[PDB]
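Enquirer: Got a structure for you, written out below as structure tokens; questions coming shortly.
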Amino acid sequence: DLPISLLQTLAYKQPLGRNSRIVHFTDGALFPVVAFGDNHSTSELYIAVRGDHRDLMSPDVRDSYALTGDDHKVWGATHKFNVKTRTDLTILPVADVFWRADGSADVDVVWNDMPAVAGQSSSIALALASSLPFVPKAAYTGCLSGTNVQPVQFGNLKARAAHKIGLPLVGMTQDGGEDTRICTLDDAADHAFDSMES
């Protein structure tokens with residue numbers, strides 16, 4: 001059958017991030033990462049960057065990867081993805097992000113002791129990160145079907161992670177939690193470039 005929409009109260013904490021290093025990225029895309037235990041739920045940003053930045057991961061996540069739809073690796077992510085990236089990517093938890101004047105950013109990369117990231121709501125970030133020469137000021141969420149976005153659960157808790165550092169949640173969620181709704185990959189790259197203005 002199809003879903004029942006139900007309301008659920010969640011106890012949310014922010015990840016304590018550890019082993020903090022400011023690194024300068026000329027490119028990468030942000031996306032939200034949610035997890036649930038007995039007790040508490042978490043919402044955080046991670047940054048997807050093209051190439052292998054394994055050196056920047058915790059050891060406890062370094063060996064984990066998912067395949068992209070053209071057989072590349074996304075280091076830090078768990079099972080193929082729909083998305084075709086023509087590059088490996090690595091995703092990293094981040095506590096904050098300081099843009100420079102040129103579209104680049106100093107990104108506080110952290111260790112959170114979370115497991116490898118499951119699910120495909122990162123697909124929009126993957127895409128932009130595999131193609132853009134700048135760090136869009138926004139976080140992205142949405143699974144991909146070809147170039148059509150599909151809506152993800154947890155929009156509202158996802159938006160928390162973005163708003164915590166002054167960024168919109170952009171993409172598509174089942175609960176309308178995004179600040180701006182974007183149904184295609186073209187519109188998300190349009191939005192990413194727009195995000196760079198003032």
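Following the order of the structure tokens, chains are lettered A, B, ..., residues in each are numbered from 1, and ligands are numbered from 1.
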Please extract the residues of region 9-196 of chain A with a backbone DSSP assignment of helix (DSSP H, G or I) and present them as a PyMOL selection string.

Expert: chain A and resi 54-56+59-62+123-131+155-163+185-194

Enquirer: Would you output that residue set with N, CA and C atoms, as a CSV table (one decimal), in the first residue's frame?

Expert:
```csv
chain,number,residue,atom,x,y,z
A,54,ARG,N,40.3,10.7,1.7
A,54,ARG,CA,40.5,9.7,2.7
A,54,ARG,C,41.4,10.2,3.9
A,55,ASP,N,42.4,10.9,3.6
A,55,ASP,CA,43.4,11.4,4.6
A,55,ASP,C,42.7,12.3,5.6
A,56,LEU,N,41.5,12.7,5.3
A,56,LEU,CA,40.8,13.7,6.1
A,56,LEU,C,39.6,13.0,6.9
A,59,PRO,N,39.6,6.9,10.7
A,59,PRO,CA,39.9,5.5,10.2
A,59,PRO,C,38.7,4.5,10.2
A,60,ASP,N,37.8,4.8,11.1
A,60,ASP,CA,36.6,4.0,11.4
A,60,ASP,C,35.7,4.0,10.2
A,61,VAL,N,35.8,5.0,9.3
A,61,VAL,CA,35.0,5.1,8.1
A,61,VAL,C,35.6,5.0,6.7
A,62,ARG,N,36.9,5.2,6.7
A,62,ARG,CA,37.8,5.1,5.5
A,62,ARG,C,37.6,3.9,4.5
A,123,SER,N,22.5,12.6,-3.2
A,123,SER,CA,22.7,12.5,-4.6
A,123,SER,C,22.8,13.8,-5.3
A,124,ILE,N,22.0,14.8,-4.9
A,124,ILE,CA,22.1,16.1,-5.4
A,124,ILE,C,23.5,16.7,-5.1
A,125,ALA,N,24.0,16.7,-3.8
A,125,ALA,CA,25.4,17.1,-3.4
A,125,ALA,C,26.5,16.4,-4.2
A,126,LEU,N,26.4,15.1,-4.3
A,126,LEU,CA,27.3,14.4,-5.2
A,126,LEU,C,27.5,14.9,-6.6
A,127,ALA,N,26.4,15.0,-7.3
A,127,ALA,CA,26.3,15.7,-8.6
A,127,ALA,C,26.9,17.1,-8.7
A,128,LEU,N,26.4,18.0,-7.8
A,128,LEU,CA,27.0,19.4,-7.9
A,128,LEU,C,28.5,19.3,-7.6
A,129,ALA,N,28.9,18.4,-6.6
A,129,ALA,CA,30.3,18.4,-6.2
A,129,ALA,C,31.2,17.8,-7.2
A,130,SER,N,30.7,16.9,-8.0
A,130,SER,CA,31.4,16.3,-9.1
A,130,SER,C,31.5,17.3,-10.3
A,131,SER,N,30.7,18.4,-10.3
A,131,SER,CA,30.7,19.3,-11.5
A,131,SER,C,31.1,20.7,-11.2
A,155,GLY,N,12.9,16.1,6.2
A,155,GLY,CA,13.2,17.5,5.8
A,155,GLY,C,13.4,18.5,7.0
A,156,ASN,N,12.4,18.6,7.8
A,156,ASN,CA,12.5,19.4,9.0
A,156,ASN,C,13.7,19.2,9.9
A,157,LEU,N,14.1,18.0,10.2
A,157,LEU,CA,15.3,17.7,11.0
A,157,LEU,C,16.6,18.0,10.2
A,158,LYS,N,16.5,17.7,8.9
A,158,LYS,CA,17.6,18.1,7.9
A,158,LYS,C,17.8,19.6,7.9
A,159,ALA,N,16.7,20.4,7.9
A,159,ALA,CA,16.8,21.9,7.8
A,159,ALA,C,17.6,22.4,9.0
A,160,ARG,N,17.3,21.8,10.2
A,160,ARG,CA,18.1,22.2,11.4
A,160,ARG,C,19.6,22.2,11.1
A,161,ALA,N,20.1,21.3,10.4
A,161,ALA,CA,21.6,21.1,10.2
A,161,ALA,C,22.0,22.2,9.3
A,162,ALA,N,21.2,22.6,8.4
A,162,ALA,CA,21.6,23.6,7.5
A,162,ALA,C,21.5,25.0,8.2
A,163,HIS,N,20.4,25.3,8.9
A,163,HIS,CA,20.1,26.6,9.5
A,163,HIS,C,21.1,26.9,10.7
A,185,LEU,N,18.1,18.4,-11.3
A,185,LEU,CA,19.5,18.7,-11.2
A,185,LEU,C,20.1,20.0,-11.8
A,186,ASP,N,19.5,20.4,-13.0
A,186,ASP,CA,19.7,21.7,-13.6
A,186,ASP,C,19.3,22.9,-12.8
A,187,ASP,N,18.2,22.8,-12.1
A,187,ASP,CA,17.7,23.8,-11.2
A,187,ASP,C,18.6,23.9,-10.0
A,188,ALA,N,18.9,22.8,-9.4
A,188,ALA,CA,19.9,22.8,-8.3
A,188,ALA,C,21.3,23.4,-8.7
A,189,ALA,N,21.9,23.1,-9.9
A,189,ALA,CA,23.1,23.8,-10.3
A,189,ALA,C,22.8,25.2,-10.6
A,190,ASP,N,21.7,25.6,-11.2
A,190,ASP,CA,21.2,27.0,-11.2
A,190,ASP,C,21.2,27.7,-9.8
A,191,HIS,N,20.6,27.0,-8.9
A,191,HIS,CA,20.5,27.6,-7.6
A,191,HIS,C,21.9,27.7,-6.9
A,192,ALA,N,22.8,26.8,-7.1
A,192,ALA,CA,24.1,26.8,-6.5
A,192,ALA,C,24.9,28.0,-7.0
A,193,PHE,N,24.7,28.3,-8.3
A,193,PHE,CA,25.5,29.4,-8.9
A,193,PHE,C,24.9,30.7,-8.3
A,194,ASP,N,23.5,30.8,-8.4
A,194,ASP,CA,22.7,32.0,-7.8
A,194,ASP,C,23.2,32.3,-6.3
```

Enquirer: Could you check the closest approach to residue 20 (chain A) for each of A:66, A:105, A:57, A:34 and tell me which residue wins, using only C-alpha atoms?

Expert: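 Closest to residue 20 (chain A) of all the choices is A:57.
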
Enquirer: Just the residues within 7 Å of residue 72 (chain A), please, counting only C-alpha atoms, with nothing from its chain fewer than 6 positions along; format it as a count of residues only.

Expert: 3

Enquirer: Please measure the separation of CA of residue 12 (chain A) and CA of residue 94 (chain A), giving the value in Å to one decimal.

Expert: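 One can read the CA of residue 12 (chain A) to CA of residue 94 (chain A) distance as 17.6 Å.
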
Enquirer: Restricting the calculation to only C-alpha atoms: of A:144, A:165, A:6, A:95, which residue gets closest to residue 111 (chain A)?

Expert: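 Closest candidate: A:95.
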
Enquirer: Have a look at A:85, A:150, A:41, A:112 and name the one nearest to residue 132 (chain A); count only C-alpha atoms.

Expert: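 Closest to residue 132 (chain A), using only C-alpha atoms: A:85.
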
Enquirer: Neighbouring residues of residue 96 (chain A) were defined as those with any atom within 12 Å, considering only C-alpha atoms; residues of the same chain fewer than 6 positions away were excluded. Please report them as a PyMOL selection string.

Expert: chain A and resi 17+20-23+30+44-47+105-110+137+139+161-167

Enquirer: Quick one: DSSP strand (DSSP E) residues in region 86-162 of chain A, as number ranges by chain?

Expert: A: 89-99, 105-111, 117-118, 139-141, 143-145, 148-150

Enquirer: What is the CA of residue 27 (chain A) to CA of residue 176 (chain A) distance in Å?

Expert: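 If I compute the distance from CA of residue 27 (chain A) to CA of residue 176 (chain A), I get 27.8 Å.
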